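Visitor: My structure is below; once you've seen it, I'll send some questions.
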Amino acid sequence: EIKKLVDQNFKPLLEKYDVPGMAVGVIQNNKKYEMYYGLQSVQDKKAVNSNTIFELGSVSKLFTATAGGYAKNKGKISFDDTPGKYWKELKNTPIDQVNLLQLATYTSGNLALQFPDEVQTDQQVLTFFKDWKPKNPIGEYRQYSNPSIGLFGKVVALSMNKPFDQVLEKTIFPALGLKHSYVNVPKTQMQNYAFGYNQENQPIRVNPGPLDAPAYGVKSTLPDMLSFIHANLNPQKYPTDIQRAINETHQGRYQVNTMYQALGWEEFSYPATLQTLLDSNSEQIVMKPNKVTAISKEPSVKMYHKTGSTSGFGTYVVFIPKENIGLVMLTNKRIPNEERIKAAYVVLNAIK
Ligand SMILES: *[B@]([O])([C][N]S(=O)(=O)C1=[C]N=C(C2=NN=N[N]2)[C]=[C]1)OP([O])([O])=O
């Protein structure tokens, strides 16, 4: 029945949005299911398979959040610290009045989704943070942002003395059991890297950008993402450092109505209505700043999700610890976040 449920709910989306290829993974009671559809490459007629590498987009934030949780539990950082304590060069500039938790969770009060296009170099990055100056009451307003978690990410790599790409590929990925997850796809794996397809069905991949690795720059396979979901459902089986990191990412920090923000993960009381899952990615929540309130109801039974996108790829990831289930969907064309969320909802709810 798992296979038949995904065929009912995910398969039609390939035709509906002319998506070349898709990989849907389900984990239940420590049993993994992998469903593959279509092509990693239209021009090569190479099929999507277990070796196919997709761009995760903002699901990369979950790895950046896990890397921070690890660094905090090795004593390398505190989430009450300010960025200037590690990147000396910002060390009494006004960015050093925002703390790492506030960076991680988007409540600087003045960071947008993107850098400005003009910024590209390492010096242009450091200079934009040297010249960063306040706006909304720090800590009070959530606005989703690549530079913010991007800065948290870089600060985490500074506290670990290793550039960010190495923190993941030598430290975090091996600790999670991930064999084919990369910030940079090496030469021997380029044959498995899918093409993404833009809205003109042109084959494309992700463009270089400032602090792209920590905010949207991880590439993985379906087996690997199911391993990552496994880890989130069962952190007690992993090494102490990574287990503590994973638990750290599950703690709700504030609410923005029915969405609780954690470290990368969005958190909900379970069971959640569909529409509660949809509003987490409504334009209001994703693009416009919003004022945060303190957690009032600590949810008893929780569920977590995150969407991601580069211009050629779509990702969605969801897990419910207490039902011991989760789902990952990866596509090499963006479909609307709404459609990702709904199909997953029907598949998981139908398997109890
Ligand atoms: B993340 O995926 C952030 N997404 S984004 O909208 O900032 C974005 C989109 N596209 C790129 C890109 N394509 N090719 N080079 N770069 C980067 C960043 O969260 P979401 O799921 O989008 O809410």
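By convention in this document, the chains of the structure tokens carry letters A, B, ... by their order, each chain's residues are numbered from 1, and ligands are numbered from 1 in the order they are shown.
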Please give me, as a PyMOL selection string, the residues lying within 8 Å of ligand 1 when counting only C-alpha atoms and all ligand atoms.

Guide: chain A and resi 56-59+113-114+144-146+205-209+212+215-216+281+286+306-312+314-315+337

Visitor: Step one, run DSSP on the backbone; step two, keep only residues of region 74-318 of chain A assigned to helix (DSSP H, G or I); then write them as number ranges by chain.

Guide: A: 83-85, 88-90, 94-97, 100-104, 122-130, 146-160, 164-176, 187-192, 212-216, 222-233, 235-237, 240-249, 274-279, 283-286

Visitor: Which residue out of A:29, A:82, A:191, A:258 has the minimum interatomic distance to residue 46 (chain A) when only C-alpha atoms are used?

Guide: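 Result for the nearest residue to residue 46 (chain A): A:191.
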
Visitor: Using only C-alpha atoms, which of the listed residues (A:296, A:342, A:327, A:135) sits closest to residue 2 (chain A)?

Guide: A:327

Visitor: Near region 172-182 of chain A, within 8 Å and counting only C-alpha atoms, which residues show up once chain neighbours fewer than 4 positions away are dropped, as a PyMOL selection string?

Guide: chain A and resi 53+63+66-67+167-168+218-221+224+227-228+231+238-239+242

Visitor: Could you build a table of the residues in region 52-139 of chain A lying no more than 7 Å from region 147-154 of chain A, giving for each the nearest pair of atoms and their separation in Å rounded to one decimal place, using only C-alpha atoms, ordered by chain and ascending residue number, as a Markdown table?

Guide:
```
| residue | atom | partner | partner_atom | distance |
| --- | --- | --- | --- | --- |
| A:64 | CA | A:153 | CA | 5.8 |
| A:100 | CA | A:152 | CA | 6.0 |
| A:103 | CA | A:148 | CA | 4.9 |
| A:104 | CA | A:149 | CA | 4.7 |
| A:106 | CA | A:148 | CA | 6.1 |
| A:111 | CA | A:148 | CA | 6.4 |
| A:114 | CA | A:147 | CA | 6.4 |
| A:115 | CA | A:147 | CA | 6.2 |
```

Visitor: Identify, on the basis of only C-alpha atoms, every residue whose closest approach to residue 33 (chain A) does not exceed 10 Å; exclude the query and any residue fewer than 5 positions from it along the same chain; express the result as an MDAnalysis selection string.

Guide: chainID A and resid 2:3 24:28 222:223 226 327

Visitor: Using only C-alpha atoms, determine which residues lie at most 12 Å from residue 273 (chain A), disregarding the query and same-chain residues fewer than 5 positions distant; provide the list as a PyMOL selection string.

Guide: chain A and resi 258-259+268+278-280+303+341-342+345-346+349

Visitor: Can those selected residues be exported to a file as a PDB file, in the first residue's frame so that it contains N, CA, C and O atoms?

Guide:
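again-v1.pdb, written as the output of this step:
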```pdb
ATOM      1  N   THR A 258       0.338  29.662  14.417  1.00  0.00           N
ATOM      2  CA  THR A 258       0.267  28.200  14.553  1.00  0.00           C
ATOM      3  C   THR A 258       1.559  27.525  14.121  1.00  0.00           C
ATOM      4  O   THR A 258       1.697  26.304  14.291  1.00  0.00           O
ATOM      5  N   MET A 259       2.467  28.289  13.506  1.00  0.00           N
ATOM      6  CA  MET A 259       3.805  27.798  13.211  1.00  0.00           C
ATOM      7  C   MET A 259       4.656  28.125  14.441  1.00  0.00           C
ATOM      8  O   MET A 259       4.667  29.259  14.872  1.00  0.00           O
ATOM      9  N   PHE A 268       4.850  21.967  14.479  1.00  0.00           N
ATOM     10  CA  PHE A 268       3.431  22.122  14.621  1.00  0.00           C
ATOM     11  C   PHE A 268       2.958  21.190  15.661  1.00  0.00           C
ATOM     12  O   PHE A 268       3.584  20.128  15.879  1.00  0.00           O
ATOM     13  N   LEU A 278      -0.242  24.535   5.195  1.00  0.00           N
ATOM     14  CA  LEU A 278      -0.149  25.549   4.066  1.00  0.00           C
ATOM     15  C   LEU A 278       0.263  26.949   4.474  1.00  0.00           C
ATOM     16  O   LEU A 278       1.191  27.490   3.911  1.00  0.00           O
ATOM     17  N   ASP A 279      -0.349  27.515   5.518  1.00  0.00           N
ATOM     18  CA  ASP A 279      -0.032  28.898   5.999  1.00  0.00           C
ATOM     19  C   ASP A 279       1.436  29.110   6.394  1.00  0.00           C
ATOM     20  O   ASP A 279       1.978  30.221   6.201  1.00  0.00           O
ATOM     21  N   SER A 280       2.101  28.049   6.894  1.00  0.00           N
ATOM     22  CA  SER A 280       3.528  28.134   7.132  1.00  0.00           C
ATOM     23  C   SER A 280       4.241  28.595   5.905  1.00  0.00           C
ATOM     24  O   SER A 280       5.270  29.250   6.041  1.00  0.00           O
ATOM     25  N   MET A 303       4.955  17.695  15.140  1.00  0.00           N
ATOM     26  CA  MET A 303       5.402  17.294  13.800  1.00  0.00           C
ATOM     27  C   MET A 303       6.239  18.394  13.200  1.00  0.00           C
ATOM     28  O   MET A 303       6.111  19.560  13.569  1.00  0.00           O
ATOM     29  N   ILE A 341       2.941  19.930   0.025  1.00  0.00           N
ATOM     30  CA  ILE A 341       2.461  19.778   1.385  1.00  0.00           C
ATOM     31  C   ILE A 341       1.255  18.897   1.445  1.00  0.00           C
ATOM     32  O   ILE A 341       1.182  17.958   2.286  1.00  0.00           O
ATOM     33  N   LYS A 342       0.327  19.139   0.515  1.00  0.00           N
ATOM     34  CA  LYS A 342      -0.932  18.368   0.419  1.00  0.00           C
ATOM     35  C   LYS A 342      -0.723  16.915   0.121  1.00  0.00           C
ATOM     36  O   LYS A 342      -1.265  16.046   0.795  1.00  0.00           O
ATOM     37  N   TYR A 345       0.532  15.140   3.096  1.00  0.00           N
ATOM     38  CA  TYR A 345      -0.521  15.071   4.099  1.00  0.00           C
ATOM     39  C   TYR A 345      -1.431  13.861   3.925  1.00  0.00           C
ATOM     40  O   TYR A 345      -1.692  13.115   4.864  1.00  0.00           O
ATOM     41  N   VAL A 346      -1.894  13.666   2.699  1.00  0.00           N
ATOM     42  CA  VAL A 346      -2.717  12.534   2.352  1.00  0.00           C
ATOM     43  C   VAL A 346      -1.945  11.228   2.518  1.00  0.00           C
ATOM     44  O   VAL A 346      -2.480  10.258   3.060  1.00  0.00           O
ATOM     45  N   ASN A 349      -1.299  10.546   6.483  1.00  0.00           N
ATOM     46  CA  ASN A 349      -2.558  10.413   7.206  1.00  0.00           C
ATOM     47  C   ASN A 349      -3.271   9.116   6.841  1.00  0.00           C
ATOM     48  O   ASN A 349      -4.046   8.578   7.632  1.00  0.00           O
TER      49      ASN A 349
END
```
